[PDB]
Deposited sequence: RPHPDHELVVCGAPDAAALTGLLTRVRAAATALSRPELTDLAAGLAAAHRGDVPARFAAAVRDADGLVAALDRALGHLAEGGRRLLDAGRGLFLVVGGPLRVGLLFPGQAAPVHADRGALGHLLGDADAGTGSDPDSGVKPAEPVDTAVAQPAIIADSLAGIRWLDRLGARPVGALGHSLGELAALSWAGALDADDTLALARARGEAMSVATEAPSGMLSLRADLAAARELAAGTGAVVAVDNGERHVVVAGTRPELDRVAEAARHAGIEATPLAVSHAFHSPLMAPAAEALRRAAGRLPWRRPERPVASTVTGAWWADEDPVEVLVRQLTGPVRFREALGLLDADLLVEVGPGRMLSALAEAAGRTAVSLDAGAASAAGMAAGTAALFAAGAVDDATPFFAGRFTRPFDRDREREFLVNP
């Protein structure tokens, strides 16, 4: 892999300083294969009940030396918690921390035909769920952004993987049908009230409530033009999205009959793990999944509210890309993506590091098996 995962732990902070100092000494000027042996040996030895934990995703021995210097400096100053998702470095003494999952929707790495994109994305997320299963991960709950809600529900045990992937095909097929007229989406760097003001009387509606400075509206081309005028006049930055459909708007209502049919046939079960819905903006509490999934097509994505509900020190995005991690960071949250299905192991290393350091997984050895 292009990034190595290096974990270790100790019974307390003092012991962890001792160990990290030995590892830093052993790390200097190691070649790439010797770094791998070092990392594999540490993963084998530091698993189970590991009270104080260090994990880093590194490109090479000098990247490990750098991460160890940072961890040592944090400990040396009485620090007990350093989570730097952007540098793949996690240190936690006195965990476990609460960890939540984020399942991405489309616009995620596979404009692409939504009929192809949807089940490709869901397949990557379900493979990410297999990875979390392999590690025995214990997240406190999950949120899925649009299509991602299907993956969150599958993780929560409301639907098996085969049925979930079958539903994502049918969904992508239903939704790729052309709207009655040219339509699209427009992203505004502004909060919900500002978007509703700019959209008021235009025909355009809120499609995606991502955060205090990202709200997307959707409508026909004339409708979006009127918002674009209004945004320029108000000095709000408005960015056209390269999509061919006004997703999350009433223009998607014809897709309902088809999606209702596909979803009504499935063996739905009560979710057994917490799911913060971006359809209701609330915890899932015995909803009828068919009605929720149909209204998801025309209603807005309540990502800002759902994320707000998920109380977690660390979020791990379980799916292709790192879009939801970028949104969570935009809300001041700590988030790292597994980037499930990416060519590069960057995300698999950083997200598994984060899981191990947070105490959500006890054993990193599965990162070193069968290369």
- What residue ranges of the deposited sequence are absent from the coordinates? 1-3, 114-143, 405-421
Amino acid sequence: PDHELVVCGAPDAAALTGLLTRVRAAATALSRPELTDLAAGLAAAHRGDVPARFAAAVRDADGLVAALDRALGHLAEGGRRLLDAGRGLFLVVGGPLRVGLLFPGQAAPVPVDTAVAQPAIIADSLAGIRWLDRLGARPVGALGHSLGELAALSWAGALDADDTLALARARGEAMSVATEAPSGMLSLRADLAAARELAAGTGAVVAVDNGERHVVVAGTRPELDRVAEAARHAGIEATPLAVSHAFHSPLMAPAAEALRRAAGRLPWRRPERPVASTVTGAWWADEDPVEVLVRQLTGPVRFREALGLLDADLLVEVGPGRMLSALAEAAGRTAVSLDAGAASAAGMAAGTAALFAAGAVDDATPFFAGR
From here on, numbers count along this sequence of modelled residues.
- Item | Stretch with the greater mean C-alpha B-factor as recorded in the entry, comparing 6-14 against 357-365 | 6-14
- Stretch with the greater mean C-alpha B-factor as recorded in the entry, comparing 231-239 against 190-198: 231-239
- The residue of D288, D209, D84, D133 with the maximal C-alpha B-factor according to the PDB record is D288
- Task: Would you mind checking which of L150, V301, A127, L266 has the top Cα temperature factor in the PDB entry?
- Result: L266
- Task: Going by the recorded CA B-factors, say which third of the chain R70 sits in, lowest, middle or highest.
- Result: middle
- Task: Classify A25 as lowest, middle or highest third according to the C-alpha B-factor given in the PDB entry, relative to its own chain.
- Result: highest
- Sorting the chain's modelled residues by C-alpha B-factor and splitting them into thirds places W155 in the middle
- Query: What third of its chain, lowest, middle or highest, does the C-alpha temperature factor of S146 fall into?
  - Reply: middle
- Which third of the chain holds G203 when residues are ordered by C-alpha B factor: lowest, middle or highest? lowest
